[PDB]
Amino acid sequence: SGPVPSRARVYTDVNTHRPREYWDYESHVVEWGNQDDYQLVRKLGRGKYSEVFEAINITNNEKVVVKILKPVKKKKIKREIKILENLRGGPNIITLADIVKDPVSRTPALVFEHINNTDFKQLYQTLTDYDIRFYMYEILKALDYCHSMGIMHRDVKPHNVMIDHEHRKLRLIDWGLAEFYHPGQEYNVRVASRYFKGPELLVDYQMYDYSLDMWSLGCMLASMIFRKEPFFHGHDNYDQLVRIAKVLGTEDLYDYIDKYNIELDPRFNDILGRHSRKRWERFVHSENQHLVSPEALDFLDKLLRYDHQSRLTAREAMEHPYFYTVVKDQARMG
Ligand SMILES: O=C1C=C2C[C@@]3(O)COc4c(ccc(O)c4O)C3=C2C=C1O
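What counts and what doesn't
- Residues numbered from 1 in each chain as written, not as in the entry; some residues may be left out.
- Heavy atoms only, no water.
- UniProt positions renumbered as here; feature names shortened; annotations may be inferred.
- Helix = DSSP H or I, 4+ residues; strand = E, 2+ residues; numbered from the N terminus.
- Buried < 20%, exposed > 50% of the residue type's maximum accessible area, 1.4 Å probe, protein only.
- Contact = heavy atoms within 4.5 Å.
- Near = heavy atom within 4 Å.
- Polar contact = N/O pair within 3.5 Å; in protein donor to acceptor, adjacent residues only side chain to side chain.
- Areas by Shrake-Rupley, 256 points an atom, 1.4 Å probe, with all protein chains shown as cover.
- Domains from an automatic or database assignment.

Time to look at the UniProt feature "active site" in the protein chain. UniProt marks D155 with the feature "active site", using the numbering shown here. Tracing the backbone shows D155 in the loop between β6 (151-152) and β7 (161-164). Since its relative accessible area comes to 8%, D155 is described here as buried. Residue contacts for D155: discarding those within four places in its chain leaves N160, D174, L177, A192 and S193.

The following block contains the structure:
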């Protein structure tokens, strides 16, 4: 008949129950700020869809970051803008400060709050067990918030998580692949970085939901506590699922495929083969054991599940004993 349909377990109808103007980004009309407020200072990065610069707001001398977009259809730009505006003020969500027309490229440029982020090299060789729990908890706040607002990020990965370590400050950035969740909708599976793609994308199951972000987050946790980035390192999208199967096993993978009546290319089955489920303890060695605990492995195991419907939600994840010390610490009298 086709694959078995699927709905999100939580926040299923959040957009169903909001005004059309909340999620109908195509009709959103941008009001433009003034580009002459901002002077570019140095290029930070070059992407396929944008250039990113450190800049100065010359009217108050504050640093900002400017993302100058490549020419793209109005609809994709409006989607990102709408989502950033809907989510503005949410916990650990990057703040969109302004939208201007770049005077040279004549393309939209998005202006963000500046985060003095610690570079990866120093960070992931200095992070303690407590640091990892704390920052994971902060990422979960952002994901619960955006999921509760009817939005999937769909590009959760280390480089889209900015951390200012001395201020213990974290922002989830890069909302350019984000989309509104509508139950029953078939989404594009060409989202997320290869290494953080969930099984549902790798087998071309389009009716996915917020739980995609929880797989990606589980991949991030594994890479941090086992000190191997990325944890699942495939050479293409097919090989990515093979790397996952060599750890999670093929039994539970085929059970997943059976439950949703998903059809795989016969050659996919070949490369997938037959693999036993490994114990998480197999990846613990002397150089990472200080980051690993029974609580971390239990938590990890409940994120990295083939069946998207069986993964923890962000709110459930925050209730895990892994975070008891973090929660206690954040319970302040102020
Ligand atoms: O869509 C994006 C993309 C970026 C690219 C980029 O990662 C560059 O570097 C940044 C930054 C944001 C704050 C910041 O302090 C910083 O250094 C960025 C973004 C924010 C977004 O919403």
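Around the ligand sit 14 residues, and of these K67, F112, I115, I173 and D174 come closest. The separation between an oxygen atom of the ligand and a polar side-chain atom of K67 is 2.3 Å. The backbone of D174 places a nitrogen or oxygen atom 3.4 Å from an oxygen atom of the ligand. The fraction of the free accessible surface of the ligand (450 Å²) that becomes covered by protein chains is 90%. Going through the elements one at a time, β3 (62-69) and β5 (108-113) are the ones with two or more residues in the shell around the ligand. Shared between two domains, the shell around the ligand holds at least three residues of each, these being domain 1 (6-23 + 115-333) and domain 2 (24-114).

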